[PDB]
Structures are given as structure tokens and as C-alpha cells.
């Protein structure tokens, strides 16, 4: 049994900071049609306390991933990513959104770009040494999660005209005493005549510019992950 696209629940409460809400709207757009955006109007969940409500909402919506936006004093502008296997949380990670240098903030938007069709698979680029470090449990998890999230409905064919945009996930080179920082950036792919058969690529920045510090990590139990990884 070959699973189709992993369905994604995008979740927030009423007091979710607007920039985080923008991120969820963009993520909902990027994962359309295999995603659901839900404004939970009662009160706030806390997955690292208890994953009960997160599991209940994920199962109710038949979603294998949950992206949850929340913010309080200790963990401001937090994006929590969870995966679901066999109706229970598998692994979870917190990503703490960092300020941009200029202090601009994320512009309001509902989709990645008016020049990128909703639902297209992205080209993906993981840059930085940490993704190639099999001892970094955090980068191993995050790479797995982000490919799982944005791979869409994989297929063995793709229209050349569909090769329109890219996601880069840049892992800042690790420093001994600091939580890892990762950068997500999307780009429109511009191709121009190079003189060669292959086109020259140039990029245009599109969508939200996201910088994250990694927060808490909840590993999957070894035995459960081994079960979920059976193909």
C-alpha cells in the first residue's frame, strides 16, 4: 500500500501572532489540496505537556502531520511540527521564529507567490554541513520532517514547466553551546539563455523569510520509529 501525500493539519488559536498565522496560511497553500487549516477557537493546546488533543485533531482530520503556531513569554513565535503514526505522535520539534535583522517583519500573504501555482511540488535544497552529519539527531529529524512535509504527492513524472520554484533549508554551521539555527527561503526559478544547452539559473526571493532556532525535540521511541519506517 503506497501512501499518497501526507495530509497536514495547520493549527492555531485565537491569540496566535499574525506573523505565525501568515506562515500557517502559506504552509496551508503550499500543501494544498492535502492540508486543512483550522482555527481552534476554544483554548490553547500544549503538545509537550500532552499530545492528546493534537492526536485527536490530527486523527479527526486524517492528517499525518500537524503544524501548530503558538506564542508565550518563554517560547515566543513558536512553530511546533508533529508527525502522526498509527494514530499517535511519532516525533515532534519546536522551531522558534527569530526576528529579521532589519526588523521588517513578515508581510501579510495567503500564498507563496502570485507567480507560483498553488499545489506545485518544490525543488528542494538542503545546504550546510549539518545535514550531512549522521550524528546530529536534530538535523536528521528536521530534514526528514521537512521533506515529508513539502514532498507533496510524489510521482515518477514531472512536467518541465512545473519546475518553477525552490525551497532552500539552510543549516547554519553549528556552534558548540548554541541551539541550531535553520533558514527557510523560497525562490522563483528564472532561467535564461546561457550559450550552453543547459539554462543559467537566477533566483527571485519569494514568500515568507523564515529564520528559526530549534527548541524542544521529542524523539520517537526506537521501536515505534522502526515500525513506522517499514516500507
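Positions refer to the first chain, counted from 1.
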121-129 versus 100-108: which one carries the higher mean Cα B factor per the record?
100-108
Give the stretch, out of 35-43 and 182-190, with the larger mean C-alpha temperature factor in the deposited entry.
35-43
Which one of 5, 224, 8, 1 shows the biggest C-alpha B-factor in the PDB entry?
1
Maximum C-alpha temperature factor per the entry, among 29, 175, 61, 164, belongs to which one?
175
Third of the chain, ranked by Cα B-factor, where residue 160 sits
highest
Rank-wise, by C-alpha B-factor, drop residue 151 into the lowest, middle or highest third of its chain.
lowest
Which third, lowest, middle or highest, does the C-alpha temperature factor of residue 15 belong to within its own chain?
highest
Compare the C-alpha B factor of residue 67 with those of the other modelled residues in its chain, then answer lowest, middle or highest third.
lowest
Going by what the PDB entry lists, where does residue 144 fall on CA B-factor within its chain: lowest, middle or highest third?
lowest
